[PDB]
Structures are given as C-alpha cells and as structure tokens.
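Printed here is structure_25.cif (mmCIF, C-alpha atoms and all ligand atoms):
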```cif
data_final
loop_
_atom_site.label_atom_id
_atom_site.label_comp_id
_atom_site.auth_asym_id
_atom_site.auth_seq_id
_atom_site.Cartn_x
_atom_site.Cartn_y
_atom_site.Cartn_z
CA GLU Q 87 -0.29 -37.05 -29.00
CA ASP Q 88 2.38 -34.47 -28.24
CA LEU Q 89 4.04 -35.54 -24.95
CA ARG Q 90 6.56 -38.38 -25.33
CA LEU Q 91 7.28 -41.01 -22.68
CA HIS Q 92 10.72 -41.26 -21.10
CA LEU Q 93 11.27 -44.01 -18.55
CA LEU Q 94 13.68 -43.01 -15.82
CA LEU Q 95 17.30 -43.80 -16.63
CA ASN Q 96 17.75 -44.58 -12.93
CA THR Q 97 15.69 -47.76 -12.96
CA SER Q 98 15.92 -48.07 -9.15
CA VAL Q 99 13.29 -45.30 -8.96
CA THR Q 100 10.20 -47.36 -9.59
CA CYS Q 101 6.46 -47.59 -9.67
CA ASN Q 102 4.74 -49.80 -7.08
CA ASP Q 103 5.57 -53.08 -8.82
CA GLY Q 104 9.24 -52.26 -9.46
CA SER Q 105 8.81 -51.21 -13.08
CA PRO Q 106 10.63 -47.95 -13.88
CA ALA Q 107 8.78 -44.72 -13.24
CA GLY Q 108 8.95 -42.00 -15.88
CA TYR Q 109 7.57 -38.82 -17.38
CA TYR Q 110 6.02 -37.53 -20.60
CA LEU Q 111 7.75 -34.51 -22.12
CA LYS Q 112 7.02 -31.98 -24.85
CA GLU Q 113 9.88 -29.52 -25.12
CA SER Q 114 9.34 -25.91 -26.15
CA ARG Q 115 12.65 -24.59 -27.47
CA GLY Q 116 13.30 -21.04 -26.36
CA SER Q 117 10.78 -21.09 -23.52
CA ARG Q 118 12.40 -20.98 -20.10
CA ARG Q 119 9.12 -21.99 -18.41
CA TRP Q 120 8.72 -25.60 -17.27
CA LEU Q 121 5.43 -27.12 -16.08
CA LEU Q 122 5.76 -30.43 -14.19
CA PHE Q 123 2.31 -31.91 -13.54
CA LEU Q 124 1.63 -34.61 -10.92
CA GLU Q 125 -1.23 -36.95 -11.78
CA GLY Q 126 -3.68 -37.97 -9.06
CA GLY Q 127 -5.73 -41.06 -8.31
CA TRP Q 128 -6.37 -41.86 -4.62
CA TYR Q 129 -3.77 -44.11 -2.90
CA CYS Q 130 -3.52 -47.48 -1.18
CA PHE Q 131 -2.27 -48.10 2.32
CA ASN Q 132 -1.99 -51.86 3.01
CA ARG Q 133 -1.25 -55.11 1.20
CA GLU Q 134 -4.93 -55.97 0.77
CA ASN Q 135 -6.12 -52.70 -0.75
CA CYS Q 136 -2.93 -52.27 -2.80
CA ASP Q 137 -3.42 -55.78 -4.21
CA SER Q 138 -6.95 -54.86 -5.28
CA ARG Q 139 -5.70 -51.65 -6.89
CA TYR Q 140 -3.09 -53.70 -8.74
CA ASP Q 141 -5.84 -55.86 -10.28
CA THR Q 142 -8.04 -53.10 -11.67
CA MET Q 143 -6.02 -49.85 -11.52
CA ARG Q 144 -2.68 -51.22 -12.64
CA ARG Q 145 -1.58 -48.18 -14.67
CA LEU Q 146 -1.50 -46.38 -11.29
CA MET Q 147 0.96 -49.00 -9.99
CA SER Q 148 3.14 -49.93 -12.97
CA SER Q 149 4.58 -48.54 -16.18
CA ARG Q 150 4.42 -51.87 -18.04
CA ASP Q 151 1.32 -50.80 -20.02
CA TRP Q 152 1.94 -47.05 -20.40
CA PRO Q 153 1.52 -45.67 -23.93
CA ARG Q 154 4.46 -44.09 -25.69
CA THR Q 155 2.67 -40.72 -25.94
CA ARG Q 156 -0.05 -38.67 -24.23
CA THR Q 157 -2.00 -35.64 -25.43
CA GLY Q 158 -1.51 -32.50 -23.35
CA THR Q 159 -4.84 -31.09 -22.22
CA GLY Q 160 -5.87 -28.02 -20.28
CA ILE Q 161 -2.84 -26.40 -18.67
CA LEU Q 162 -0.71 -29.05 -20.45
CA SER Q 163 -2.04 -28.03 -23.88
CA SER Q 164 0.32 -26.26 -26.28
CA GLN Q 165 -2.57 -24.52 -28.07
CA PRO Q 166 -3.25 -20.97 -26.84
CA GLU Q 167 -6.93 -21.52 -27.60
CA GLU Q 168 -7.07 -24.27 -24.93
CA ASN Q 169 -4.33 -22.92 -22.63
CA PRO Q 170 -4.26 -19.11 -22.50
CA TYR Q 171 -1.87 -19.29 -19.55
CA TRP Q 172 1.25 -21.31 -20.44
CA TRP Q 173 0.70 -22.73 -23.94
CA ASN Q 174 4.35 -22.12 -24.91
CA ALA Q 175 5.92 -23.79 -21.86
CA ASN Q 176 7.90 -26.99 -21.75
CA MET Q 177 5.30 -29.56 -20.68
CA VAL Q 178 5.89 -32.55 -18.39
CA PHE Q 179 3.25 -35.03 -17.23
CA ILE Q 180 4.49 -37.28 -14.41
CA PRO Q 181 2.25 -40.38 -14.09
CA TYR Q 182 1.17 -41.34 -10.59
CA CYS Q 183 2.33 -44.93 -10.12
CA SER Q 184 3.35 -44.91 -6.44
CA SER Q 185 -0.10 -44.81 -4.72
CA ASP Q 186 1.41 -42.78 -1.86
CA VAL Q 187 0.18 -39.20 -2.49
CA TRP Q 188 3.71 -38.57 -3.85
CA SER Q 189 5.19 -38.97 -0.36
CA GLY Q 190 6.98 -42.31 -0.43
CA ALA Q 191 10.64 -43.22 -0.20
CA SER Q 192 10.69 -47.03 0.06
CA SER Q 193 11.86 -49.62 -2.47
CA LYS Q 194 10.40 -53.04 -3.14
CA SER Q 195 12.45 -55.53 -1.15
CA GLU Q 196 12.61 -58.70 0.91
CA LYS Q 197 10.20 -57.06 3.36
CA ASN Q 198 8.09 -54.89 0.97
CA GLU Q 199 5.77 -56.29 -1.70
CA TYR Q 200 5.48 -52.82 -3.25
CA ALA Q 201 7.71 -49.81 -3.70
CA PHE Q 202 6.37 -46.41 -2.66
CA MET Q 203 8.74 -43.91 -4.23
CA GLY Q 204 6.59 -40.86 -5.08
CA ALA Q 205 8.92 -38.33 -3.44
CA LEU Q 206 11.96 -39.89 -5.14
CA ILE Q 207 10.21 -40.08 -8.52
CA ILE Q 208 9.76 -36.29 -8.45
CA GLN Q 209 13.40 -35.76 -7.48
CA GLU Q 210 14.63 -38.13 -10.20
CA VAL Q 211 12.45 -36.56 -12.90
CA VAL Q 212 13.84 -33.13 -12.00
CA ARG Q 213 17.40 -34.48 -12.06
CA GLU Q 214 17.04 -36.06 -15.49
CA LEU Q 215 15.24 -33.03 -16.95
CA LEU Q 216 18.15 -30.73 -16.05
CA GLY Q 217 20.13 -32.42 -18.82
CA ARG Q 218 17.21 -31.89 -21.23
CA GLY Q 219 16.91 -28.10 -20.91
CA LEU Q 220 15.60 -27.56 -17.38
CA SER Q 221 19.05 -26.23 -16.43
CA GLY Q 222 18.14 -23.10 -18.41
CA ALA Q 223 14.75 -22.57 -16.79
CA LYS Q 224 13.62 -19.38 -15.11
CA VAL Q 225 10.40 -20.82 -13.63
CA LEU Q 226 9.56 -24.41 -12.72
CA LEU Q 227 5.85 -24.70 -11.87
CA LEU Q 228 5.15 -27.95 -10.02
CA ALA Q 229 1.44 -28.52 -10.57
CA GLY Q 230 -0.88 -31.43 -9.82
CA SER Q 231 -4.47 -32.52 -9.42
CA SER Q 232 -6.21 -34.39 -6.57
CA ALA Q 233 -3.56 -36.59 -4.89
CA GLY Q 234 -1.17 -34.81 -7.25
CA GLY Q 235 -2.27 -31.47 -5.82
CA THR Q 236 -1.48 -32.70 -2.31
CA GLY Q 237 1.78 -33.96 -3.81
CA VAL Q 238 2.63 -30.38 -4.84
CA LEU Q 239 2.20 -29.24 -1.25
CA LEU Q 240 4.37 -32.10 0.01
CA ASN Q 241 7.14 -31.69 -2.58
CA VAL Q 242 7.43 -28.12 -3.92
CA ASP Q 243 9.90 -26.97 -1.25
CA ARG Q 244 11.96 -30.14 -1.68
CA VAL Q 245 12.28 -29.44 -5.42
CA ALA Q 246 13.38 -25.90 -4.55
CA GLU Q 247 15.99 -27.20 -2.11
CA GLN Q 248 17.15 -29.84 -4.61
CA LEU Q 249 17.79 -27.24 -7.32
CA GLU Q 250 19.55 -24.94 -4.86
CA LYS Q 251 21.86 -27.74 -3.71
CA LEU Q 252 22.54 -28.81 -7.31
CA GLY Q 253 23.69 -25.27 -8.13
CA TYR Q 254 20.65 -23.78 -9.91
CA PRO Q 255 19.56 -20.94 -7.58
CA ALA Q 256 18.12 -18.95 -10.51
CA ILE Q 257 15.26 -21.39 -11.20
CA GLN Q 258 12.17 -20.05 -9.43
CA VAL Q 259 10.19 -23.02 -8.12
CA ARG Q 260 6.46 -22.49 -7.60
CA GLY Q 261 3.50 -24.76 -6.89
CA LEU Q 262 -0.01 -25.09 -8.31
CA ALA Q 263 -2.15 -27.40 -6.13
CA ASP Q 264 -5.47 -28.33 -7.75
CA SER Q 265 -8.13 -30.25 -5.78
CA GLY Q 266 -5.60 -31.35 -3.17
CA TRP Q 267 -6.68 -29.11 -0.28
CA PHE Q 268 -8.66 -31.42 2.00
CA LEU Q 269 -10.21 -30.99 5.44
CA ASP Q 270 -9.78 -33.51 8.25
CA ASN Q 271 -13.39 -32.84 9.25
CA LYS Q 272 -16.21 -34.89 10.76
CA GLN Q 273 -17.90 -37.30 8.37
CA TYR Q 274 -21.60 -36.74 7.72
CA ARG Q 275 -22.07 -40.40 8.69
CA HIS Q 276 -19.43 -41.99 10.90
CA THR Q 277 -17.54 -45.27 10.50
CA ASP Q 278 -14.66 -46.59 12.59
CA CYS Q 279 -11.61 -47.60 10.53
CA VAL Q 280 -12.35 -51.31 10.18
CA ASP Q 281 -11.61 -51.67 6.44
CA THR Q 282 -10.73 -49.55 3.41
CA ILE Q 283 -14.16 -47.98 2.87
CA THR Q 284 -14.77 -47.20 6.55
CA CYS Q 285 -11.27 -45.76 7.15
CA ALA Q 286 -11.34 -41.94 7.24
CA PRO Q 287 -8.57 -39.95 5.53
CA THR Q 288 -6.59 -39.15 8.69
CA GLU Q 289 -6.39 -42.83 9.64
CA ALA Q 290 -5.63 -44.11 6.14
CA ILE Q 291 -2.83 -41.55 5.75
CA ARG Q 292 -1.52 -42.41 9.23
CA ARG Q 293 -1.28 -46.05 8.13
CA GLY Q 294 0.00 -45.12 4.67
CA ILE Q 295 2.91 -43.06 6.00
CA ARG Q 296 4.23 -46.08 7.91
CA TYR Q 297 3.46 -48.43 5.00
CA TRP Q 298 5.07 -46.10 2.43
CA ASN Q 299 7.90 -44.66 4.51
CA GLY Q 300 6.21 -41.37 3.66
CA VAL Q 301 8.00 -38.04 4.02
CA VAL Q 302 6.63 -34.55 4.58
CA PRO Q 303 8.13 -31.04 4.31
CA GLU Q 304 10.73 -30.38 6.98
CA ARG Q 305 9.20 -27.35 8.69
CA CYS Q 306 5.82 -29.06 8.91
CA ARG Q 307 7.46 -32.23 10.23
CA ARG Q 308 9.21 -30.16 12.91
CA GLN Q 309 5.91 -28.62 14.03
CA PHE Q 310 3.88 -31.83 14.28
CA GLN Q 311 6.74 -34.21 15.19
CA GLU Q 312 7.03 -37.98 15.18
CA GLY Q 313 3.82 -39.94 14.72
CA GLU Q 314 1.85 -36.83 13.71
CA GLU Q 315 3.24 -36.28 10.20
CA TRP Q 316 -0.18 -37.14 8.76
CA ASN Q 317 -1.16 -33.55 9.61
CA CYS Q 318 1.12 -32.33 6.82
CA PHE Q 319 -1.08 -33.97 4.15
CA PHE Q 320 -3.79 -31.40 4.95
CA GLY Q 321 -3.30 -28.20 2.96
CA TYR Q 322 -4.40 -25.70 5.60
CA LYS Q 323 -1.76 -27.13 7.99
CA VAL Q 324 1.14 -27.62 5.58
CA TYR Q 325 0.69 -24.50 3.43
CA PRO Q 326 1.75 -21.97 6.14
CA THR Q 327 5.06 -23.84 6.51
CA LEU Q 328 5.98 -23.60 2.80
CA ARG Q 329 8.48 -21.12 1.37
CA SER Q 330 7.75 -21.51 -2.36
CA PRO Q 331 4.83 -19.51 -3.80
CA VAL Q 332 1.84 -21.84 -4.13
CA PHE Q 333 -1.40 -21.10 -5.95
CA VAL Q 334 -4.30 -23.15 -4.53
CA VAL Q 335 -7.21 -24.24 -6.75
CA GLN Q 336 -10.02 -25.94 -4.83
CA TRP Q 337 -13.71 -26.47 -5.47
CA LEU Q 338 -15.57 -25.49 -2.30
CA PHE Q 339 -17.67 -28.68 -2.52
CA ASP Q 340 -15.04 -31.06 -3.81
CA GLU Q 341 -16.49 -34.45 -4.75
CA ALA Q 342 -13.55 -36.37 -3.22
CA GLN Q 343 -13.96 -34.42 0.03
CA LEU Q 344 -17.65 -35.30 0.04
CA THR Q 345 -16.82 -38.96 -0.69
CA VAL Q 346 -14.45 -39.25 2.28
CA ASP Q 347 -17.14 -37.46 4.33
CA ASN Q 348 -19.66 -40.19 3.36
CA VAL Q 349 -21.92 -37.77 1.47
CA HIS Q 350 -23.73 -39.17 -1.58
CA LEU Q 351 -26.08 -36.91 -3.55
CA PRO Q 355 -34.27 -33.75 -1.91
CA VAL Q 356 -31.65 -32.60 0.60
CA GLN Q 357 -32.97 -32.31 4.16
CA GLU Q 358 -31.86 -29.92 6.88
CA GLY Q 359 -29.03 -31.96 8.39
CA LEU Q 360 -27.27 -32.53 5.08
CA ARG Q 361 -27.97 -28.97 3.93
CA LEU Q 362 -26.30 -27.60 7.07
CA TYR Q 363 -23.43 -30.07 6.64
CA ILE Q 364 -22.77 -28.98 3.04
CA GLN Q 365 -23.04 -25.27 3.83
CA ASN Q 366 -20.67 -25.68 6.78
CA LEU Q 367 -18.16 -27.50 4.55
CA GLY Q 368 -18.11 -24.65 2.05
CA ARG Q 369 -17.74 -22.11 4.84
CA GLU Q 370 -14.90 -24.07 6.46
CA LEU Q 371 -13.09 -24.40 3.14
CA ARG Q 372 -13.55 -20.67 2.48
CA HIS Q 373 -12.18 -19.93 5.96
CA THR Q 374 -9.02 -21.97 5.34
CA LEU Q 375 -8.34 -19.98 2.14
CA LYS Q 376 -8.93 -16.51 3.62
CA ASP Q 377 -5.17 -15.92 4.05
CA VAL Q 378 -4.06 -17.75 0.90
CA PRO Q 379 -3.22 -14.83 -1.43
CA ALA Q 380 -3.12 -16.87 -4.66
CA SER Q 381 -6.20 -19.07 -4.83
CA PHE Q 382 -9.18 -19.93 -7.02
CA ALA Q 383 -12.05 -21.58 -5.18
CA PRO Q 384 -15.40 -21.75 -7.00
CA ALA Q 385 -18.66 -22.76 -5.30
CA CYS Q 386 -19.17 -25.94 -7.32
CA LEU Q 387 -19.61 -29.66 -6.77
CA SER Q 388 -16.81 -31.04 -8.95
CA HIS Q 389 -13.29 -32.50 -8.81
CA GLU Q 390 -10.05 -31.40 -10.53
CA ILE Q 391 -9.78 -28.61 -13.14
CA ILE Q 392 -6.33 -27.82 -14.48
CA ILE Q 393 -5.91 -30.61 -17.13
CA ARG Q 394 -9.54 -30.55 -18.30
CA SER Q 395 -9.88 -29.23 -21.85
CA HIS Q 396 -12.65 -26.80 -20.80
CA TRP Q 397 -10.75 -25.56 -17.73
CA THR Q 398 -11.06 -22.02 -19.17
CA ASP Q 399 -14.84 -21.89 -18.67
CA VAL Q 400 -15.18 -21.43 -14.91
CA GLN Q 401 -14.93 -17.92 -13.47
CA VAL Q 402 -14.96 -16.45 -9.97
CA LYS Q 403 -16.02 -12.80 -9.77
CA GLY Q 404 -15.71 -12.67 -13.56
CA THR Q 405 -12.10 -13.96 -13.69
CA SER Q 406 -11.11 -17.30 -15.19
CA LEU Q 407 -8.42 -19.56 -13.76
CA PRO Q 408 -6.03 -19.01 -16.70
CA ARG Q 409 -6.38 -15.27 -16.11
CA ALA Q 410 -5.82 -15.62 -12.36
CA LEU Q 411 -2.69 -17.68 -13.03
CA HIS Q 412 -1.44 -15.04 -15.46
CA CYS Q 413 -2.09 -12.39 -12.80
CA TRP Q 414 -0.13 -14.55 -10.35
CA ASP Q 415 2.79 -14.60 -12.79
CA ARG Q 416 2.65 -10.80 -12.98
CA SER Q 417 2.51 -10.49 -9.19
CA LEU Q 418 5.76 -12.53 -8.96
CA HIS Q 419 7.69 -10.30 -11.38
CA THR Q 427 0.98 -4.64 -4.21
CA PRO Q 428 -2.16 -5.71 -6.06
CA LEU Q 429 -2.71 -5.32 -9.79
CA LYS Q 430 -5.48 -3.27 -11.40
CA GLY Q 431 -8.06 -5.66 -12.82
CA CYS Q 432 -5.74 -8.68 -12.42
CA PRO Q 433 -6.78 -10.45 -9.21
CA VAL Q 434 -5.07 -13.48 -7.73
CA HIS Q 435 -7.30 -14.26 -4.70
CA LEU Q 436 -10.65 -15.53 -6.03
CA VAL Q 437 -12.85 -17.35 -3.50
CA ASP Q 438 -16.60 -17.64 -4.00
CA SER Q 439 -18.75 -16.52 -1.10
CA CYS Q 440 -22.08 -17.98 -2.17
CA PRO Q 441 -23.01 -20.95 0.02
CA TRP Q 442 -24.37 -23.79 -2.18
CA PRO Q 443 -22.98 -25.86 -5.07
CA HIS Q 444 -23.64 -24.22 -8.46
CA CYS Q 445 -24.49 -20.84 -6.95
CA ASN Q 446 -21.75 -19.81 -9.36
CA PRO Q 447 -23.37 -20.01 -12.84
CA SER Q 448 -20.03 -20.96 -14.49
CA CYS Q 449 -19.66 -24.24 -12.59
CA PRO Q 450 -19.04 -27.34 -14.74
CA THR Q 451 -22.29 -28.87 -15.97
CA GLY Q 452 -21.17 -32.49 -15.64
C1 LIG Q 501 19.05 -43.70 -8.26
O1 LIG Q 501 17.99 -43.35 -7.37
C2 LIG Q 501 18.20 -43.78 -6.02
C3 LIG Q 501 16.94 -43.46 -5.25
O2 LIG Q 501 16.67 -42.07 -5.25
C4 LIG Q 501 19.43 -43.07 -5.46
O3 LIG Q 501 19.69 -43.55 -4.15
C5 LIG Q 501 20.64 -43.34 -6.34
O4 LIG Q 501 21.73 -42.53 -5.91
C6 LIG Q 501 20.34 -43.01 -7.80
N1 LIG Q 501 21.46 -43.42 -8.64
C7 LIG Q 501 21.91 -42.69 -9.66
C8 LIG Q 501 23.08 -43.27 -10.41
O5 LIG Q 501 21.41 -41.61 -9.98
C1 LIG Q 502 -9.40 -37.89 -4.22
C2 LIG Q 502 -8.86 -38.60 -3.26
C3 LIG Q 502 -7.67 -38.03 -2.52
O1 LIG Q 502 -6.65 -37.82 -3.10
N1 LIG Q 502 -7.76 -37.74 -1.10
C4 LIG Q 502 -8.94 -37.94 -0.28
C5 LIG Q 502 -8.64 -37.36 1.07
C6 LIG Q 502 -7.18 -36.94 1.04
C7 LIG Q 502 -6.37 -36.39 2.05
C8 LIG Q 502 -5.05 -36.08 1.75
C9 LIG Q 502 -4.56 -36.32 0.46
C10 LIG Q 502 -5.36 -36.85 -0.54
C11 LIG Q 502 -6.70 -37.18 -0.24
#
```
The structure in this file should be written as structure tokens.
Amino acid sequence: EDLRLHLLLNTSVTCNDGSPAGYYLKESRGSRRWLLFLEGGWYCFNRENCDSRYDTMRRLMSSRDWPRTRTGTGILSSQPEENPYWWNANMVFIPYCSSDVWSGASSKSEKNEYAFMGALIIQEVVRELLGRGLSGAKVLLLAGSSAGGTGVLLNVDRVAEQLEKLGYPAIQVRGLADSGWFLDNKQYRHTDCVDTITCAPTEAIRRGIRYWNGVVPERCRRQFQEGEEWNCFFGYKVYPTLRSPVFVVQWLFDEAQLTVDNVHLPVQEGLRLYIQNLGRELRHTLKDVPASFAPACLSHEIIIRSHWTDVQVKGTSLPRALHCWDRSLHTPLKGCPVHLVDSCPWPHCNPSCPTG
C-alpha cells in the first residue's frame, strides 16, 4: 500500500459533491521523473444520471470514503519486475471524482448541484506537488486510462503552459493516453439520444460540456469554435493540435468503443464487417502518430494492470516501447521502435492479447 493520500490544501478544488479532491503520492528521492496518472470511469452529463452515479459509484464523485493508501500497479508499480519502464519514478495517482473526462471548471453553487472541476484538479495537484519535489523534475509524464486517457489529451498542454508560466521551463511535460482515443463513428445499431443509454458519445459530451463548463485545449478550441468543442474530446482531432509529446496506447477493438457503438459479443457478416472496419479506421487514425502502441485485441485499459508487460506488438512490449520513446526524446533507433500498430484485422489475431 505504497501511495499515500493527500487531500488538496486548496479545499475549493473539489470532487462532484464538494468534498476536497486529492492525490496519492509515493516519492522517489533522487529521481527527477514524475508520473501523474489520471484515473478513468465514464462520466455523467445531467442531474438524473449524475444522481444515479452518486448512489452506486460514489467514490467517483466524492473523497469522503477514499482509503488513506493505494497500491501502485503496472506503470505505477515501484518494482522493476512489474514496471520495467519507470519503477524508480515519483508516482502520483489522481482519483477521478469529477465525472467530466477531466475537462470541468465549475464549482458547486446556488445553481449547480455538483462541481465539475477535473481541469482545475489537475492544475491544483501540479501546483501542490511543486512544493513536494516536482520543482526539481526533468520529466513530468501525465498518463491516464480510459476517460483519464482522454483527460491527458485535454490537459497535457495546459500543464506544460502552467509550469512555463510558474517559472519551471526545464520540466519536460509529456503525455501517455491509454484507452482514451475514441471514434465518433456510426453505431452498429442506432438510437436517438432520448436517455442516458441511447445517447451517443458526441451528444453526451456536447451536453456534458455545457453541464460541466468543460474546457478544451486552446488550439483545438480555435479550430472548432464555439458550440463545437466536443470535437476536441476525440483523439484523432485533438492530437494534431497538441505541442507536448504524447504516446497513444489504444486497443484496436476497445471494449468501451464497442459499448458506445452498441456492439455486444457466431458473428454474422454485418457485424464482422463492422468490427473489421472499426479496427481499420482506428489503425488509419494512428498512421501518423509516431509514438503509439495499438494491439489487435478486444480489451480496455492497460497501463495500471499488473500484467501490462505481457502484450507485444511486432515482438515489442509496451514498457519497451515507452523506454524507446524516452530514448527518442533525449531519427529512429535500432531495435527500439516507438510506433507499434497491429495490422491484423480481428480481435486476438495478436497471440499476446489479454486472455480475460
Ligand atoms: C484555489 O483554487 C481555485 C480554483 O482553481 C482558485 O481560483 C484559487 O485561486 C485557489 N486558491 C489558492 C489559495 O490557491
Ligand atoms: C469508457 C468510457 C469513456 O470514457 N468514453 C466513451 C466514449 C468517449 C468519448 C470521449 C471520451 C471518453 C469516452
């Protein structure tokens, strides 16, 4: 139980219900590497569905019941056996308690039952960590899984700008977005947005942005303009606008993508074609992403799983690819690839896929 909880000293930066947000920290004296990981867990976008989430997913809306410690797993593990990549780094786990894909900047108030402060939580965590050793960092890797991976895309450049403005231009800010690269594609079976389950991701995010006072990266906002900021929650649209180096990890047949597409797994021709087209579209969107790891598996999330080391693309594991990425950020490297996208067209055509 190696990461210790710290509730934010600025108690105006809150989870959904107004309880203080916070972070779990395990310091590594002498390491100048800092890993800040954003937890995922869907989102909520109106009073009704946020109230339901508060009943049965309350740890994602409140810190009242958080434990004092958490065990670092996967990329957050301090054991080289489990984490060949960054086992000696300073480790930070930032719980997702804002239900806003890390985009919100609204407090609970007279007019707001809930606070959606995801973007401000990240900024406040960074601020308070500077006094705890982050001021001496050489690399700050902002990582995250699922909604936390999308949160990396939405926030990495803002962290970079924050540190620049605070007078720390020597900290190299980078992003690692795991399972947060979604497509705004056609559902396999269609449903107009009449309730939570029928509301497709583009519509729910459109509503959420207004409900959360959600913010997106500035260059992306300037491209899509007012009322169209939802586009910036989709990796293939926001990524080209980002200045910080971002490594993208994405299963080609992500289970959350399939869920929002209304796919539930003998597969007949229509569904077969749909699934193959999804993998091909995902592969297409990553063709010009130089640092990426995209295995042909039906799964969801990878970086904080204890067996994250098992999967390989073209014989290279994700910890190796991330190490090669580090070396590239010191022309391609002999035997140390950073762009690893499967080309086989069906889930589990890669033998190293998670077994489930
Ligand atoms: C606390 O956080 C809020 C929201 O980000 C900010 O407006 C305020 O300046 C912060 N106060 C302090 C003392 O850091
Ligand atoms: C796993 C759920 C999730 O996090 N989803 C689903 C679709 C989407 C679009 C943008 C950002 C996040 C998400």
### Task
Check every protein, DNA and RNA residue against ligand LIG 502 (chain Q), keep those with an atom at most 9 Å away (counting only C-alpha atoms and all ligand atoms), and present them as a ChimeraX atom specification.
/Q:126-129,187,231-237,265-270,286-288,290-291,316,318-321,340-343,345-346,389
- request: Give me the residues within 10 Å of residue 261 of chain Q as a count of residues only, counting all atoms listed in the file and dropping any in the same chain fewer than 3 places off.
  value: 21
Under the rule of at most 7 Å, produce a per-residue listing of chain Q near ligand LIG 501 (chain Q): chain, number, name, the closest pair of atoms, and the distance in Å, as JSON lines, using only C-alpha atoms and all ligand atoms.
```
{"residue": "Q:96", "atom": "CA", "partner": "Q:LIG501", "partner_atom": "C1", "distance": 4.9}
{"residue": "Q:98", "atom": "CA", "partner": "Q:LIG501", "partner_atom": "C1", "distance": 5.4}
{"residue": "Q:99", "atom": "CA", "partner": "Q:LIG501", "partner_atom": "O1", "distance": 5.3}
{"residue": "Q:206", "atom": "CA", "partner": "Q:LIG501", "partner_atom": "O2", "distance": 5.2}
{"residue": "Q:210", "atom": "CA", "partner": "Q:LIG501", "partner_atom": "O2", "distance": 6.6}
```
Store the residues of this selection in a file with C-alpha atoms, as a tab-separated table (two decimals), in the coordinates of the input.
```tsv
chain	number	residue	atom	x	y	z
Q	96	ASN	CA	17.75	-44.58	-12.93
Q	98	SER	CA	15.92	-48.07	-9.15
Q	99	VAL	CA	13.29	-45.30	-8.96
Q	206	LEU	CA	11.96	-39.89	-5.14
Q	210	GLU	CA	14.63	-38.13	-10.20
```
Next on the checklist: Using all atoms listed in the file, list the residues that have an atom at most 12 Å from (23.1, -23.8, -18.8), coordinates as in the file, as a ChimeraX atom specification.
Outcome noted: /Q:118,216-224,253-254,256-257
Subject >> Between atom CA of residue 259 of chain Q and atom CA of residue 155 of chain Q, distance in Å (one decimal) >> reply: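 Distance reported for this atom pair: 26.2 Å.
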Which is closest to residue 185 of chain Q among Q:117, Q:327, Q:388, Q:135, if we use all atoms listed in the file?
->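 That would be Q:135, the residue with the smallest distance to residue 185 of chain Q.
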- What residues have an atom no more than 10 Å from (-19.7, -13.9, -10.4) in the file's own frame, counting only C-alpha atoms, and can you write them as a list in words?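 Using only C-alpha atoms, the matching residues come out as residues 384, 400, 401, 402, 403, 404, 405, 438, 439, 440, 445, 446, 447 and 448 of chain Q.
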Min atom-atom distance to residue 363 of chain Q from the set Q:427, Q:435, Q:271, Q:393, counting only C-alpha atoms, belongs to Q:271
Pairwise distance, atom CA of residue 151 of chain Q with atom CA of residue 194 of chain Q, equals 19.3 Å
task = Please provide as a list in words all residues within 10 Å of residue 317 of chain Q, with the sequence filter that same-chain residues fewer than 3 positions apart are discarded (counting all atoms listed in the file).
result =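 My reading of the contact set: residues 270, 288, 291, 292, 302, 306, 307, 309, 310, 311, 313, 314, 320, 321, 322, 323 and 324 of chain Q.
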